[PDB]
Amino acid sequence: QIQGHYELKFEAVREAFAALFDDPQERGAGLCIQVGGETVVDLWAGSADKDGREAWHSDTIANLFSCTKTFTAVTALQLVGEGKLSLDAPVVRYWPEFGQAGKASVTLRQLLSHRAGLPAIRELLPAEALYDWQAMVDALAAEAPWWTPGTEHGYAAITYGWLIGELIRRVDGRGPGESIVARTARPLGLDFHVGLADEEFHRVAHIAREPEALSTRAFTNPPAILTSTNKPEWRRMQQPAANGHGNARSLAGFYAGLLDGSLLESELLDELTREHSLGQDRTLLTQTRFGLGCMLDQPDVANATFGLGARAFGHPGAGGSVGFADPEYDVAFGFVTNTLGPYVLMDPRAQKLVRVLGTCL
């Protein structure tokens, strides 16, 4: 049963959302769209658990994977605004140990745009290493760049979490998850978590099924990351690249907060959405386009378009969840699924939903 509300003008979006569940593997999903800060679509449907015994509620939340990266980037840019970070200062200034193995001149701008050259860790780590914050931060401090920093880009699927998170932790004097939720979620009352208390576990959807395939193991080192998404420890840890918990409504609320100037001053939003990386991704081996911790629309690239205007910015998660803002149409878009597809970038399910929204506008 499709639940929630829509303006009659967007009935086609409700129809397309219903069409998702014509596929029997679809378990649960949420879809939320704001136009000019007005919620025109707020839909959810199906089940949250693996076995269809617990229905998807309005307040059902889920792992949003790399949807998280833009929340983390916005947190970093606020710290820049407050003079606690500089985009073009060498990180050593905040994180002196980072300066090992050729990283004496690596900047926050390079880390946010995937140009720093730390897409993955070379030495294959045990699964537990993931849950040891100090171990992962010490590993990355000691890790050599995979290319001359600033000269190429390669998507940093999970390493991004410790790289930006450690800088957040050192300059904001609290855990990076606490910083992100305090700066991007609380001010707007978004149902969004980086580090999830057990009191909330009751309303968490069960996640089920190229990413594992990659020669650059951005997703699979430490191993069993995307096979551990439903683990309590994974929920409780702070992973600013990967473990943000929320739904379509939090995603839409965050992006509406970006469009209306709630979360970033216009100068800092101009930096976030400025093209920093365009071309063959050294991790994904496909044409990617990055701002600071967001992807920018490529209108003629099938797997790398949000499905609306050329100025759309945001970040999909592996498996098909996506949030973005389109300043041309004043759109804030959120889609959450617990049924992961095989795409790291745009999922065709999400692109069709956006394209039907496009028709209604």
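Just count from 1 along the sequence shown to find any residue number.
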item	value
Deposited but uncoordinated residues in the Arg209/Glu210 interval	10 or more
Segment of higher mean CA temperature factor, 178-186 or 194-202	194-202
Given 48-56 and 331-339, the range whose Cα B-factors average higher in the PDB entry	48-56
Residue with maximal Cα B-factor (values as given in the PDB entry) among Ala252, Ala120, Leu112, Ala224	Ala224
Options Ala157, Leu278, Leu272, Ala129 - largest CA temperature factor per the record	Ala129
Lowest, middle or highest third - CA B-factor, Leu353	lowest
Third of the chain, ranked by Cα B-factor, where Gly165 sits	lowest
Assigned third (lowest, middle, highest) for the C-alpha B factor of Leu258	middle
Modelled-residue ranking by C-alpha temperature factor, third containing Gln287	middle
Chain-relative CA temperature factor third for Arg217	middle
